[PDB]
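Undergrad: I am sharing run00.pdb, which consists of PDB, C-alpha atoms:
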```pdb
ATOM      1  CA  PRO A2295     -22.126 208.148  64.350  1.00  0.00           C
ATOM      2  CA  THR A2296     -21.731 204.644  63.004  1.00  0.00           C
ATOM      3  CA  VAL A2297     -20.552 202.610  65.964  1.00  0.00           C
ATOM      4  CA  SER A2298     -19.543 199.236  64.490  1.00  0.00           C
ATOM      5  CA  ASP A2299     -16.186 197.510  65.038  1.00  0.00           C
ATOM      6  CA  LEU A2300     -17.044 197.788  68.734  1.00  0.00           C
ATOM      7  CA  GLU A2301     -17.008 195.350  71.639  1.00  0.00           C
ATOM      8  CA  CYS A2302     -19.405 194.720  74.527  1.00  0.00           C
ATOM      9  CA  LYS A2303     -18.963 192.875  77.787  1.00  0.00           C
ATOM     10  CA  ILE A2304     -20.587 192.740  81.174  1.00  0.00           C
ATOM     11  CA  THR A2305     -18.421 193.701  84.107  1.00  0.00           C
ATOM     12  CA  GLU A2306     -20.723 193.069  87.071  1.00  0.00           C
ATOM     13  CA  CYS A2307     -23.997 191.514  85.992  1.00  0.00           C
ATOM     14  CA  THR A2308     -26.598 191.349  88.728  1.00  0.00           C
ATOM     15  CA  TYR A2309     -29.102 188.541  88.165  1.00  0.00           C
ATOM     16  CA  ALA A2310     -31.885 190.725  89.395  1.00  0.00           C
ATOM     17  CA  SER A2311     -34.736 193.236  89.044  1.00  0.00           C
ATOM     18  CA  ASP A2312     -33.225 196.603  89.825  1.00  0.00           C
ATOM     19  CA  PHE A2313     -30.888 197.732  87.097  1.00  0.00           C
ATOM     20  CA  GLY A2314     -27.889 196.007  88.616  1.00  0.00           C
ATOM     21  CA  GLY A2315     -26.567 194.562  85.388  1.00  0.00           C
ATOM     22  CA  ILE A2316     -23.802 196.642  83.828  1.00  0.00           C
ATOM     23  CA  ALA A2317     -21.619 196.321  80.774  1.00  0.00           C
ATOM     24  CA  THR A2318     -18.883 198.417  79.293  1.00  0.00           C
ATOM     25  CA  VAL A2319     -18.968 198.789  75.531  1.00  0.00           C
ATOM     26  CA  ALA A2320     -15.844 199.511  73.505  1.00  0.00           C
ATOM     27  CA  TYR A2321     -17.578 202.064  71.327  1.00  0.00           C
ATOM     28  CA  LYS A2322     -15.967 202.461  67.911  1.00  0.00           C
ATOM     29  CA  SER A2323     -17.649 205.505  66.423  1.00  0.00           C
ATOM     30  CA  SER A2324     -17.236 207.474  63.216  1.00  0.00           C
ATOM     31  CA  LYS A2325     -18.660 210.827  64.271  1.00  0.00           C
ATOM     32  CA  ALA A2326     -19.250 211.829  67.898  1.00  0.00           C
ATOM     33  CA  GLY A2327     -22.641 212.337  69.480  1.00  0.00           C
ATOM     34  CA  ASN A2328     -25.649 210.495  70.794  1.00  0.00           C
ATOM     35  CA  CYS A2329     -26.594 206.928  69.997  1.00  0.00           C
ATOM     36  CA  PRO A2330     -29.936 205.445  71.077  1.00  0.00           C
ATOM     37  CA  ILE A2331     -29.719 201.935  72.472  1.00  0.00           C
ATOM     38  CA  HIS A2332     -32.002 198.983  73.067  1.00  0.00           C
ATOM     39  CA  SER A2333     -31.900 195.223  73.403  1.00  0.00           C
ATOM     40  CA  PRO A2334     -34.404 193.940  70.813  1.00  0.00           C
ATOM     41  CA  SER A2335     -34.391 190.739  72.807  1.00  0.00           C
ATOM     42  CA  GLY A2336     -36.573 191.073  75.863  1.00  0.00           C
ATOM     43  CA  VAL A2337     -33.979 189.318  78.007  1.00  0.00           C
ATOM     44  CA  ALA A2338     -32.302 192.576  78.994  1.00  0.00           C
ATOM     45  CA  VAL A2339     -34.057 195.760  80.072  1.00  0.00           C
ATOM     46  CA  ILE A2340     -31.869 198.840  79.990  1.00  0.00           C
ATOM     47  CA  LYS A2341     -32.052 202.009  82.061  1.00  0.00           C
ATOM     48  CA  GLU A2342     -30.331 204.167  79.448  1.00  0.00           C
ATOM     49  CA  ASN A2343     -32.239 204.940  76.279  1.00  0.00           C
TER      50      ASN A2343
ATOM     51  CA  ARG B 246       9.627 179.709 147.430  1.00  0.00           C
ATOM     52  CA  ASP B 247       8.835 176.008 146.846  1.00  0.00           C
ATOM     53  CA  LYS B 248       5.934 176.722 144.508  1.00  0.00           C
ATOM     54  CA  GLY B 249       5.222 175.877 140.903  1.00  0.00           C
ATOM     55  CA  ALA B 250       5.645 178.105 137.909  1.00  0.00           C
ATOM     56  CA  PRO B 251       2.994 180.486 136.565  1.00  0.00           C
ATOM     57  CA  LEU B 252       0.503 179.824 133.860  1.00  0.00           C
ATOM     58  CA  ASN B 253       1.771 182.903 132.055  1.00  0.00           C
ATOM     59  CA  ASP B 254       5.034 180.927 131.979  1.00  0.00           C
ATOM     60  CA  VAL B 255       3.744 177.335 131.541  1.00  0.00           C
ATOM     61  CA  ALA B 256       0.441 177.575 129.681  1.00  0.00           C
ATOM     62  CA  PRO B 257      -0.088 176.053 126.253  1.00  0.00           C
ATOM     63  CA  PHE B 258      -1.318 177.617 122.994  1.00  0.00           C
ATOM     64  CA  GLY B 259      -0.042 181.088 123.691  1.00  0.00           C
ATOM     65  CA  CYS B 260      -1.686 183.078 126.468  1.00  0.00           C
ATOM     66  CA  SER B 261      -0.900 185.922 128.825  1.00  0.00           C
ATOM     67  CA  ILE B 262      -2.519 186.607 132.171  1.00  0.00           C
ATOM     68  CA  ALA B 263      -3.633 189.379 134.528  1.00  0.00           C
ATOM     69  CA  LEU B 264      -4.980 189.874 138.051  1.00  0.00           C
ATOM     70  CA  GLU B 265      -7.609 192.075 136.513  1.00  0.00           C
ATOM     71  CA  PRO B 266     -10.910 190.452 135.335  1.00  0.00           C
ATOM     72  CA  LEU B 267      -8.964 187.086 135.278  1.00  0.00           C
ATOM     73  CA  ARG B 268      -8.553 187.115 131.574  1.00  0.00           C
ATOM     74  CA  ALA B 269      -6.074 185.033 129.647  1.00  0.00           C
ATOM     75  CA  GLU B 270      -5.094 187.359 126.832  1.00  0.00           C
ATOM     76  CA  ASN B 271      -4.169 186.623 123.279  1.00  0.00           C
ATOM     77  CA  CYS B 272      -4.675 182.847 123.279  1.00  0.00           C
ATOM     78  CA  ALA B 273      -3.804 182.041 119.675  1.00  0.00           C
ATOM     79  CA  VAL B 274      -5.523 178.763 118.906  1.00  0.00           C
ATOM     80  CA  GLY B 275      -7.999 177.538 116.335  1.00  0.00           C
ATOM     81  CA  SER B 276     -10.389 179.519 114.194  1.00  0.00           C
ATOM     82  CA  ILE B 277     -13.347 181.836 114.701  1.00  0.00           C
ATOM     83  CA  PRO B 278     -16.368 181.854 112.313  1.00  0.00           C
ATOM     84  CA  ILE B 279     -16.751 185.603 111.899  1.00  0.00           C
ATOM     85  CA  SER B 280     -19.465 187.329 109.904  1.00  0.00           C
ATOM     86  CA  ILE B 281     -20.062 191.031 109.289  1.00  0.00           C
ATOM     87  CA  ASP B 282     -22.907 193.153 107.961  1.00  0.00           C
ATOM     88  CA  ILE B 283     -21.168 196.101 106.288  1.00  0.00           C
ATOM     89  CA  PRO B 284     -22.988 199.418 105.810  1.00  0.00           C
ATOM     90  CA  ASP B 285     -24.121 199.386 102.192  1.00  0.00           C
ATOM     91  CA  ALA B 286     -23.351 203.112 102.071  1.00  0.00           C
ATOM     92  CA  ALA B 287     -19.679 202.240 102.483  1.00  0.00           C
ATOM     93  CA  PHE B 288     -19.831 200.199  99.291  1.00  0.00           C
ATOM     94  CA  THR B 289     -18.790 201.749  96.025  1.00  0.00           C
ATOM     95  CA  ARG B 290     -20.908 200.742  93.081  1.00  0.00           C
ATOM     96  CA  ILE B 291     -19.157 198.588  90.533  1.00  0.00           C
ATOM     97  CA  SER B 292     -19.377 201.084  87.664  1.00  0.00           C
ATOM     98  CA  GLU B 293     -17.059 203.584  89.391  1.00  0.00           C
ATOM     99  CA  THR B 294     -13.944 201.583  90.199  1.00  0.00           C
TER     100      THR B 294
END
```
Written as structure tokens, how would this file's structure read?
TA:
Amino acid sequence: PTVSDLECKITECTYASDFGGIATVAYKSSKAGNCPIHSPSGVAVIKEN
Amino acid sequence: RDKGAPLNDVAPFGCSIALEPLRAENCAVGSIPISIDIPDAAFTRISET
């Protein structure tokens, strides 16, 4: 699925080591299925691939 | 019969009395710096509310 026309926002970001940072994402898909994710910036490390 | 009145009838700042451990119950005055360590198990993680 193409996911654009979305929105992302943190909801409780934890300024920390353990994966405490969270963020809802208003996904706006075309199909329905899986969608691999990553932050190309090294600022954020994500638990979910 | 020529006494004075009782401290549970003349005290200030709101107290009651007992001939018991000599407490002065329920004295409403000032503030108390209270601090608690909650059980972390009782917390709900942020991504569930």
Undergrad: Residues of chain A were defined as contacting chain B if any atom lay at most 9 Å from it, counting all atoms listed in the file; please report them as number ranges by chain.
TA: A: 2305-2306, 2316-2318
Undergrad: Report as number ranges by chain all protein, DNA and RNA residues lying within 12 Å of residue B:263, evaluated on only C-alpha atoms, omitting residues in the same chain fewer than 6 positions from it.
TA: B: 251-253, 269-271
Undergrad: Suppose a student applies the PyMOL selection byres ((chain A and resi 2329-2337) around 12) to this structure; what residues should they get, written as a count of residues only?
TA: 23
Undergrad: If I take atom CA of residue B:288 and atom CA of residue A:2301, how far is one from the other in Å, to one decimal?
TA: 28.2 Å
Undergrad: Do you have the atom CA of residue A:2300-atom CA of residue B:294 distance handy?
TA: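 So the answer is 22.0 Å.
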Undergrad: So what do you get for atom CA of residue B:286 versus atom CA of residue A:2308, distance-wise?
TA: 18.1 Å
Undergrad: Take the PyMOL selection byres ((chain B and resi 260) around 10), run it mentally on this structure, and tell me the resulting residues as JSON, numbers by chain.
TA: {"B": [252, 253, 254, 255, 256, 257, 258, 259, 261, 262, 268, 269, 270, 271, 272, 273, 274]}
Undergrad: As a compact mmCIF listing (two decimals), in the coordinates of the input, could you write out stretch 2296-2323 of chain A once it has been completed with N, CA and C atoms?
TA:
```txt
# COMPACT_ATOMS: atom_id res chain seq x y z
N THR A 2296 -21.74 206.09 63.16
CA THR A 2296 -21.73 204.64 63.00
C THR A 2296 -20.74 204.05 63.99
N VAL A 2297 -21.20 203.05 64.73
CA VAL A 2297 -20.55 202.61 65.96
C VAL A 2297 -19.88 201.26 65.82
N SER A 2298 -20.01 200.61 64.66
CA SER A 2298 -19.54 199.24 64.49
C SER A 2298 -18.04 199.10 64.69
N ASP A 2299 -17.55 197.86 64.63
CA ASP A 2299 -16.19 197.51 65.04
C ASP A 2299 -15.98 197.83 66.52
N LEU A 2300 -17.00 197.53 67.31
CA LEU A 2300 -17.04 197.79 68.73
C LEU A 2300 -16.77 196.50 69.50
N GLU A 2301 -16.97 196.55 70.82
CA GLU A 2301 -17.01 195.35 71.64
C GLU A 2301 -17.85 195.64 72.87
N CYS A 2302 -18.58 194.63 73.33
CA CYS A 2302 -19.40 194.72 74.53
C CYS A 2302 -19.06 193.60 75.48
N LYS A 2303 -19.11 193.90 76.77
CA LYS A 2303 -18.96 192.88 77.79
C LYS A 2303 -19.56 193.37 79.09
N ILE A 2304 -20.23 192.46 79.80
CA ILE A 2304 -20.59 192.74 81.17
C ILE A 2304 -19.32 192.94 81.99
N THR A 2305 -19.48 193.57 83.12
CA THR A 2305 -18.42 193.70 84.11
C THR A 2305 -18.88 193.29 85.49
N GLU A 2306 -20.12 193.58 85.85
CA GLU A 2306 -20.72 193.07 87.07
C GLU A 2306 -22.21 192.92 86.79
N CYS A 2307 -22.60 191.76 86.29
CA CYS A 2307 -24.00 191.51 85.99
C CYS A 2307 -24.70 191.02 87.24
N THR A 2308 -25.80 191.68 87.57
CA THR A 2308 -26.60 191.35 88.73
C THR A 2308 -27.87 190.67 88.25
N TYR A 2309 -28.06 189.43 88.67
CA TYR A 2309 -29.10 188.54 88.16
C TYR A 2309 -30.43 188.88 88.84
N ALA A 2310 -30.97 190.05 88.49
CA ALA A 2310 -31.88 190.72 89.40
C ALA A 2310 -32.88 191.62 88.66
N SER A 2311 -33.62 192.41 89.45
CA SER A 2311 -34.74 193.24 89.04
C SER A 2311 -34.32 194.68 88.87
N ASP A 2312 -33.82 195.29 89.94
CA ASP A 2312 -33.22 196.60 89.82
C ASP A 2312 -32.11 196.56 88.79
N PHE A 2313 -31.85 197.70 88.18
CA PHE A 2313 -30.89 197.73 87.10
C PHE A 2313 -29.49 197.54 87.64
N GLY A 2314 -29.18 196.31 88.05
CA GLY A 2314 -27.89 196.01 88.62
C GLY A 2314 -26.91 195.52 87.57
N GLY A 2315 -27.43 195.02 86.46
CA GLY A 2315 -26.57 194.56 85.39
C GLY A 2315 -25.89 195.73 84.71
N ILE A 2316 -24.58 195.62 84.50
CA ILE A 2316 -23.80 196.64 83.83
C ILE A 2316 -22.93 195.99 82.77
N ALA A 2317 -22.49 196.82 81.82
CA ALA A 2317 -21.62 196.32 80.77
C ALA A 2317 -20.94 197.50 80.10
N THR A 2318 -19.62 197.50 80.13
CA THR A 2318 -18.88 198.42 79.29
C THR A 2318 -19.07 198.03 77.84
N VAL A 2319 -18.90 199.01 76.96
CA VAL A 2319 -18.97 198.79 75.53
C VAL A 2319 -17.83 199.57 74.91
N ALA A 2320 -16.94 198.87 74.21
CA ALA A 2320 -15.84 199.51 73.50
C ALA A 2320 -16.41 200.17 72.25
N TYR A 2321 -16.96 201.36 72.44
CA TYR A 2321 -17.58 202.06 71.33
C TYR A 2321 -16.53 202.44 70.30
N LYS A 2322 -16.85 202.18 69.04
CA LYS A 2322 -15.97 202.46 67.91
C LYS A 2322 -16.78 203.30 66.93
N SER A 2323 -16.78 204.61 67.16
CA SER A 2323 -17.65 205.50 66.42
C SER A 2323 -16.95 206.05 65.19
```
